[PDB]
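Each remark here refers to the structure printed beneath this line.
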Amino acid sequence: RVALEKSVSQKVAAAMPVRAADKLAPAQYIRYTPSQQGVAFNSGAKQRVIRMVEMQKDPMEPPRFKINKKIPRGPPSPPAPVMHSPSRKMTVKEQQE
Amino acid sequence: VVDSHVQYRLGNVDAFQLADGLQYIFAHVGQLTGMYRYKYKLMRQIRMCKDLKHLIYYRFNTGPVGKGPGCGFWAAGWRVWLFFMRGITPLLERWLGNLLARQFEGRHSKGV
Amino acid sequence: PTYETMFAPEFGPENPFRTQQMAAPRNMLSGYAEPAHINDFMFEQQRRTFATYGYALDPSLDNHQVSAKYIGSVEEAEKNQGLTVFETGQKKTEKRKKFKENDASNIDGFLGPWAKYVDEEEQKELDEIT
Amino acid sequence: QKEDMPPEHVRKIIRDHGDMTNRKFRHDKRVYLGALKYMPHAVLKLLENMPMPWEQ
Amino acid sequence: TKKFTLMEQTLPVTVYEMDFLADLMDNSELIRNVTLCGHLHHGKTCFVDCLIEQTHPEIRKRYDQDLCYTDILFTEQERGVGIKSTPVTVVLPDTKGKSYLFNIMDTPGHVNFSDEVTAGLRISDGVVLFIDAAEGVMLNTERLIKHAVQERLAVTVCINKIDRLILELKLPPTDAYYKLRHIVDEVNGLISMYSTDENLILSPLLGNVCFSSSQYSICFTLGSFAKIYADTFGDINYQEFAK
Amino acid sequence: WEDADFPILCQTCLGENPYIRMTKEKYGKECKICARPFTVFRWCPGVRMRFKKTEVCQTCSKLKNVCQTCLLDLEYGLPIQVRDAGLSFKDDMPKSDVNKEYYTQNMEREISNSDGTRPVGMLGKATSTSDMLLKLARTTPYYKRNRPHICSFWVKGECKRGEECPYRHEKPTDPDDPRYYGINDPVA
Amino acid sequence: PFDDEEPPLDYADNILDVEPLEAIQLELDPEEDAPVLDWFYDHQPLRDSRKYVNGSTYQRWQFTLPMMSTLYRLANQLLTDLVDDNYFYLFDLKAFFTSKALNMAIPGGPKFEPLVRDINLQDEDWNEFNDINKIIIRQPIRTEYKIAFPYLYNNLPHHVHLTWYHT
Amino acid sequence: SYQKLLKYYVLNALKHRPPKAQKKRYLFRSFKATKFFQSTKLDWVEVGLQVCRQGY
Amino acid sequence: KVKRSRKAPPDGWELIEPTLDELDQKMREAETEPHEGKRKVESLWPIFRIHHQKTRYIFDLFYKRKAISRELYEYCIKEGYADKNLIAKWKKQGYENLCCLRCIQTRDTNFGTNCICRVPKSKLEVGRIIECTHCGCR
Amino acid sequence: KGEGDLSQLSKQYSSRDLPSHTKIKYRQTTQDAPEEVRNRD
Amino acid sequence: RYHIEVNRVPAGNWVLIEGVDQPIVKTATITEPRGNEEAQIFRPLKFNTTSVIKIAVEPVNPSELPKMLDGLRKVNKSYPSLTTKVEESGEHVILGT
RNA sequence: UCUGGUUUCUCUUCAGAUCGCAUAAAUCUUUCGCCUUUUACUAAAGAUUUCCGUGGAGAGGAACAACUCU
RNA sequence: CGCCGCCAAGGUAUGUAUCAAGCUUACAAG
Ligand SMILES: O=P(O)(O)O[C@H]1[C@@H](OP(=O)(O)O)[C@@H](OP(=O)(O)O)[C@@H](OP(=O)(O)O)[C@@H](OP(=O)(O)O)[C@H]1OP(=O)(O)O
Ligand SMILES: Nc1nc2c(ncn2[C@@H]2O[C@H](COP(=O)(O)OP(=O)(O)OP(=O)(O)O)[C@@H](O)[C@H]2O)c(=O)[nH]1
Ligand SMILES: [Mg+2]
Ligand SMILES: [Zn+2]
Ligand SMILES: [Zn+2]
Ligand SMILES: [Zn+2]
Ligand SMILES: [Zn+2]
Ligand SMILES: [Zn+2]
Ligand SMILES: [Zn+2]
């Protein structure tokens with residue numbers, strides 16, 4: 001109930017989100033050890049903490065992106081095995097019936 | 001309505017004449033906007049202006065006042081054309097939401 | 001939880017089959033990215049200290065297990081001996097004197113903070129490129 | 001703590017933008033269509049505040 | 001399902017728990033029950049509201065509509081006429097001020113509801129009459145004192161609406177006295193149409209008639225008013241001054 | 001179509017500051033290959049440098065182990081076909097608009113939802129490395145990537161901004177040597 | 001009042017320094033309209049005066065009785081002389097609700113459409129046994145009688161409201 | 001026209017269901033907290049010509 | 001010119017009226033001139049500049065010089081020849097050479113900060129001749 | 001992560017999808033509410 | 001409008017009972033059933049007005065007549081001056097004031 | 001002798017009240033009425049929303065706040 | 001005792017092949 005409750009709450013706060021919510025408080029920093037290159041890349045860039053804020057959206061903008069695309073449906077779940085009973089064949093006479 | 005007030009503040013029409021002006025505007029929409037044509041439920045309010053106009057326009061003319069133009073008592077038509085917009089704000093805000101969506105992200109053929 | 005459990009090293013020849021980057025820890029395809037709760041003001045102060053003067057203290061948790069140096073270009077830190085931007089400095093040198101008209105009386109002569117300062121062959125190559 | 005600005009700012013912006021037929025302002029014209037959604041709510045808040053005839 | 005104006009919570013009054021019913025036991029015999037009768041719109045079911053606000057310190061007093069919650073039925077809160085009494089049991093203190101009891105009935109005053117007042121007259125003896133000072137005696141008033149002295153009940157009278165006499169008709173004080181003297185003389189000469197009780201007349205001096213305004217909750221009469229002459233700056237020794 | 005939490009970003013694009021402040025949108029621009037609406041991020045690398053926002057989505061970066069804005073290798077700091085010829089395998093991807101394009105991006109996203117840690121097919125041959133590519137893996141990178149691109153009106157000598165022209169000046173570019181796989185001019 | 005192909009007039013160079021003409025402004029004299037005189041034609045009339053109004057949100061107001069008696073004198077010609085709801089016997093809202101519920105009309109009152117109580121039926125023996133040209137008609141039952149008290153003059157009433165009686 | 005205004009008066013006073021609205025939001029107190037909207041204090045007819053210019 | 005208070009204003013308004021008429025004429029010239037060449041937002045700097053100097057003229061004429069009385073000062077504000085708000089930020093301690101009110105609004109800015117017009121130039125880096133994009137310069 | 005058009009991908013606030021009947025009647029005690037079903041014969 | 005519970009009622013007062021009034025239609029007195037003093041019943045009260053207007057009354061459905069008789073009897077209990085009758089031609093009748 | 005606060009701006013839930021001394025528009029379900037079909041419609045009932053507004057509440061300032069209710 | 005006041009679609013086909021503004025980013029880049 002709480003899983004589908006937060007699902008439908010995010011849904012109606014995205015399907016009908018039109019009414020006056022606050023933006024966020026994105027003061028939350030994020031520290032990330034740049035674990036790829038660091039030897040003299042930004043000499044001393046051991047762990048490089050950054051400040052991530054969220055840009056304001058003006059409420060006078062139309063939808064921006066063309067949501068009109070259609071590709072065919074992809075590969076489904078790869079098939080489970082089938083496992084019937086041993087398949088019979090009837091006759092050449094009742095098949096003729 | 002804005003052209004009436006700007007005609008007054010250009011100074012080439014005066015206050016009694018402006019008041020009679022936008023009383024005629026609020027009383028005689030339909031004859032001068034053709035808004036009923038696209039949303040016909042508001043024809044009621046056109047008639048509700050034209051009805052209450054009689055209320056005012058036959059108490060101006062009580063006594064030695066005369067049967068001509070000059071009834072610049074425009075509150076009672078202004079009110080009902082605001083009470084229109086009181087409930088036509090969400091509806092055609094939603095209609096224009098769908099219009100601007102379909103213009104800026106295209107219509108969905110066989111979606112819903 | 002005990003210190004000995006997590007501090008216990010890993011047995012093995014370290015698996016040098018990989019590259020340096022893929023053997024390195026991550027969660028995001030580029031480095032272990034994790035949240036933080038630093039003070040806003042000291043973040044901004046040491047940020048502006050590096051952004052102006054090219055040195056700051058280094059942020060870490062477990063690099064050497066002890067880290068207390070400066071980074072960037074090192075020697076200019078001890079040229080100023082570790083001062084900041086919010087400090088009335090030891091000297092007032094290489095200042096640059098603006099001319100001020102703050103009366104709001106003369107017209108086309110009032111420049112308040114809008115004062116423009118007292119300081120105020122290639123085209124052959126540019127025409128041949130275009 | 002955000003408050004009024006000089007009234008000669010709105011005049012300058014709208015006199016500049018004009019009829020949006022110059023190419024300098026083309027990044028803004030999209031936003032103009034985006035403000036069509038809230039035009040009836042601008043006209044309502046306009047016409048609520050007509051000056052009464054006893055005013056100038 | 002629908003209700004007919006139920007109340008609960010047995011609202012706090014002054015004393016009426018079992019710490020005072022134990023002395024209401026013998027005071028269940030000195031109760032001096034009344035059935036106040038009046039004409040139609042003469043303020044008596046608002047008068048009982050005035051005294052029940054005097055009792056209860058919990059009110060939703062009239063700022064917009066009157067508090068006629070003794071007209072309880074839904075067929076009488078929309079008419080405003082009174083169809084059915086609900087008699088009340090309170091206490092009332094006097095100028096001495098220990099207690100009395102006053103179980104009190106307040107009949108409809110409409111002439112076609114001459115029924116229910118009779119059903120109070122065979123119960124109790126107090127027939128305190130309500131008259132508008134601004135309007136006079138009328139049909140149910142004269143018929144109802146006639147029916148009261150036919151039952152020889154104790155015909156006292158509480159004439160009402162003297163604010164309506166003077167805030168509304170705006171009479172000068174001498175003419176207001178002329179109107180009140182006229183109305184007390186008219187009910188006196190009307191009671192003395194059936195003279196089995198020739199001595200029994202009513203006047204303010206006998207303590208027999210109290211003026212009022214139930215719109216603004218004033219009790220009046222001079223045996224109680226010379227108390228308010230007395231407790232502030234008088235030392236008058238009333239009830240000889242009052243008479 | 002796509003949300004994110006933090007970008008890919010090779011080290012030369014972050015800039016020389018360990019303390020950088022960076023802003024995010026929710027559906028920003030589109031990817032410049034597959035037109036997918038990622039979350040564009042923006043920051044200032046250095047005090048003499050342009051902003052260098054974010055160019056492709058996280059999906060089109062996880063495909064070829066590529067950084068987020070300058071389109072170079074996340075392991076080396078090299079172009080794409082240098083890596084794929086230097087690992088002798090191309091990890092094909094179509095060219096047209098739908099013809100297998102958004103189909104294969106959608107499906108390779110669907111089979112990349114589990115890990116989010118490593119590229120999808122390069123993981124097996126990014127180990128047998130460091131011989132032919134390590135000779136050219138330019139560490140201590142040059143930050144001329146981050147400098148702001150050349151303004152006009154200095155090209156025409158008109159620039160009324162004077163000093164405060166933020167972009168650049170007196171760098172006339174040369175029209176003789178300036179996408180995702182091939183062919184690219186400086187790589188030859 | 002303006003032709004087409006004329007852009008709407010540009011309030012900077014057109015009517016910015018143009019002074020307005022005159023408002024309506026019925027002239028109030030002193031010695032009778034003395035309280036309201038200083039403020040009566042003002043945009044919000046008492047706004048920055050803590051004695052008479054709340055404040056700058058302009059939510060609450062308290063006046064004094066000369067200042068309101070003059071306003072009550074000025075506000076005739078559109079204010080009714082009816083002192084009580086006694087003119088409105090059978091023009092009340094509840095009389096109108098009853099007239100709506102009972103498909104009938106007070107003369108000079110509104111005429112609605114019927115509601116769900118549309119068609120009645122009684123078989124011939126029953127309404128013939130109750131109602132012939134047998135009853136003592138003296139004067140007709142008008143519809144004002146039925147709207148007055150709709151129970152003894154009207155069989156099967158419902159969804160009905162019940163009017164006030166003599167303030 | 002008298003009785004056809006009493007008809008509307010009765011229909012409004014009859015169907016007066018009490019206002020069960022739950023939350024209060026404002027949409028101008030929501031706009032003004034953004035970096036994009038700025039407040040000013042203008043003449044009336046300026047704002048009228050303003051929004052008719054914008055609507056065109 | 002519109003006065004909107006029918007006051008017959010107090011004294012001495014006659015000695016500031018030619019000054020304020022000159023500033024209004026220059027504000028009409030700084031409001032009307034075209035926007036070609038002037039890039040996008042430097043064409044709106046001068047209205048903030050002359051608004052600043054008009055409010056500063058009434059400011060230092062009243063608080064500093066004490067020439068004009070209080071009543072005419074409140075008149076010049078209530079008409080429109082000054083800000084009620086920006087003198088209230090000029091009276092406060094650290095900032096009275098201020099540009100205008102847009103460099104104080106900390107949510108006009110995206111990072112939740114005050115603009116770099118409002119940074120002590122002595123303690124910024126030495127040579128960058130930055131002009132505020134809102135208000136015009138420091 | 002990028003659902004269908006109802007979630008984020010569309011601003012088409014269609015009517016018939018407007019917050020009607022937005023609270024649920026639960027079956028109260030005088031009807032056959034499931035507490036009065038957990039024991040009945 | 002409210003109701004306070006009483007254990008016992010001494011004389012002089014009045015009170016409402018709870019449930020003696022099934023075999024009653026108008027005023028009467030009550031005593032103890034012990035064959036006691038036989039209080040020769042109080043006289044019924046005199047209205048001093050004559051109920052003279054007289055409506056005939058009928059149920060709409062002729063089926064459920066006893067339910068409107070129950071209602072009519074409860075009316076006759078609660079309104080003391082009412083006089084209801086039924087006569088030879090079958091119609092019920094109420095005469096009131 | 002001590003006690004010692006109205007405005008104005010933002011958030012924070014509760015609304016049970018003519019929340020509003022007046023009164024919009026929509027959706028659904030039925031009956032109408034015009035109707036050729038569909039939206040524009042009609043004019044009654046039922047039940048739902050949206051919208052233009054309001055009421056009491058926590059917090060943060062700033063505005064004479066030190067005039068003084070207490 | 002005094003209804004009523006009217007827009008759109010439904011007809012002058014659509015489907016291809018070359019030729020600019022409208023709109024779109026002003027970017028990644030030895
Ligand atoms: O609507 P218009 O034809 O323009 O004229 C209307 C009105 O018309 P309706 O009553 O049909 O709405 C009446 O005029 P008529 O009905 O007589 O045509 C009205 O009442 P009076 O005629 O009794 O005044 C008055 O007409 P008038 O011009 O006589 O004032 C008024 O005129 P306005 O158009 O100026 O409002
Ligand atoms: N002026 C004035 N009016 C009063 C006074 N008392 C009551 N009223 C008004 O009289 C009206 C009708 O009287 P009610 O309050 O119903 O009292 P009532 O006389 O018992 O009426 P019934 O119950 O029908 O017998 C009320 O609406 C009051 O406003 C009064 O003392 N002075
Ligand atoms: Mg068809
Ligand atoms: Zn992509
Ligand atoms: Zn990069
Ligand atoms: Zn330049
Ligand atoms: Zn500044
Ligand atoms: Zn500024
Ligand atoms: Zn600035």
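Identifiers in the structure tokens: chain A, B, ... in order shown; residue index from 1 per chain; ligand index from 1 in order shown.
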Can you pull out the residues contacting residue 34 in chain I? Cut-off 10 Å, using only C-alpha atoms (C1' of nucleotides), and skip same-chain residues under 3 positions away; I want them as a list in words. residues 12, 15 and 16 of chain D; 29, 30, 31, 37, 38 and 43 of chain I
As a list in words, please: every residue in range 61-128 of chain F that a backbone DSSP assignment puts in alpha helix (DSSP H).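 Going through range 61-128 of chain F, the alpha helix (DSSP H) residues come out as residues 61, 62, 80, 81, 82, 83, 84, 85, 86, 101, 102, 103, 104, 105, 106, 107, 108, 109 and 110 of chain F.
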Mind listing as a ChimeraX atom specification which residues of chain K are within 12 Å of chain E, counting only C-alpha atoms? /K:1-16,26-29,42-53,78-82,96-97
Save the residues we just selected, C-alpha atoms, as an mmCIF file, in the first residue's frame?
```
data_model
loop_
_atom_site.group_PDB
_atom_site.id
_atom_site.type_symbol
_atom_site.label_atom_id
_atom_site.label_comp_id
_atom_site.auth_asym_id
_atom_site.auth_seq_id
_atom_site.Cartn_x
_atom_site.Cartn_y
_atom_site.Cartn_z
ATOM 1 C CA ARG K 1 -33.859 21.342 24.792
ATOM 2 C CA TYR K 2 -32.016 19.043 27.177
ATOM 3 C CA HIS K 3 -33.148 16.415 29.646
ATOM 4 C CA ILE K 4 -31.869 15.854 33.155
ATOM 5 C CA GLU K 5 -32.512 12.475 34.766
ATOM 6 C CA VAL K 6 -34.624 12.311 37.914
ATOM 7 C CA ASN K 7 -34.733 9.442 40.377
ATOM 8 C CA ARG K 8 -37.964 10.466 42.110
ATOM 9 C CA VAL K 9 -40.431 13.346 42.048
ATOM 10 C CA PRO K 10 -42.022 14.871 45.159
ATOM 11 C CA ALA K 11 -45.378 16.626 44.925
ATOM 12 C CA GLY K 12 -45.918 20.201 43.818
ATOM 13 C CA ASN K 13 -43.736 19.753 40.729
ATOM 14 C CA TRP K 14 -44.463 18.519 37.259
ATOM 15 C CA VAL K 15 -42.655 15.831 35.307
ATOM 16 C CA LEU K 16 -42.832 13.847 32.091
ATOM 17 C CA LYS K 26 -56.036 13.312 26.309
ATOM 18 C CA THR K 27 -55.725 14.405 29.939
ATOM 19 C CA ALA K 28 -56.079 11.904 32.813
ATOM 20 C CA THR K 29 -54.560 11.179 36.235
ATOM 21 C CA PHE K 42 -60.163 14.921 36.870
ATOM 22 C CA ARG K 43 -62.457 16.533 34.338
ATOM 23 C CA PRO K 44 -61.214 17.016 30.766
ATOM 24 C CA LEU K 45 -60.174 20.563 30.052
ATOM 25 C CA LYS K 46 -62.372 23.169 28.374
ATOM 26 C CA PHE K 47 -60.788 24.650 25.268
ATOM 27 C CA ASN K 48 -62.756 27.967 25.311
ATOM 28 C CA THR K 49 -62.830 27.719 21.495
ATOM 29 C CA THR K 50 -64.822 25.433 19.236
ATOM 30 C CA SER K 51 -63.001 23.372 16.634
ATOM 31 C CA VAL K 52 -65.359 24.110 13.762
ATOM 32 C CA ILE K 53 -63.393 23.775 10.508
ATOM 33 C CA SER K 78 -50.096 15.293 20.433
ATOM 34 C CA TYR K 79 -52.700 17.963 19.503
ATOM 35 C CA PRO K 80 -55.270 18.200 22.325
ATOM 36 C CA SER K 81 -57.929 20.355 20.633
ATOM 37 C CA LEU K 82 -58.080 18.131 17.560
ATOM 38 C CA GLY K 96 -59.575 21.580 14.258
ATOM 39 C CA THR K 97 -59.349 25.251 15.122
#
```
What's around residue 13 in chain L at 10 Å? Count only C-alpha atoms (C1' of nucleotides), leave out sequence neighbours fewer than 6 positions away in its own chain, and write the answer as a PyMOL selection string. (chain H and resi 23) or (chain L and resi 57-58)
Could the residues that lie within 10 Å of ligand 4, counting only C-alpha atoms (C1' of nucleotides) and all ligand atoms, be listed as JSON, numbers by chain? {"F": [2, 30, 31, 32, 33, 34, 35, 36, 37, 38, 55, 56, 57, 58, 59, 60, 61, 62, 63, 102, 105]}
Pull out every residue of chain I that has at least one atom within 9 Å of chain F, counting only C-alpha atoms, and report them as a list in words.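 The answer, sorted by residue number, is residues 110, 111, 128, 129, 130 and 131 of chain I.
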Enumerate residues in contact with ligand 9: an atom-to-atom distance of at most 8 Å, counting only C-alpha atoms (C1' of nucleotides) and all ligand atoms. Format the result as a list in words. residues 99, 102, 103, 114, 115, 116, 117, 118, 131, 132, 133, 134, 135, 136, 137 and 138 of chain I
9 Å contact set for residue 26 in chain L, only C-alpha atoms (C1' of nucleotides), chain neighbours under 4 positions out, as a ChimeraX atom specification: /B:87,90-91 /J:15 /L:49-50
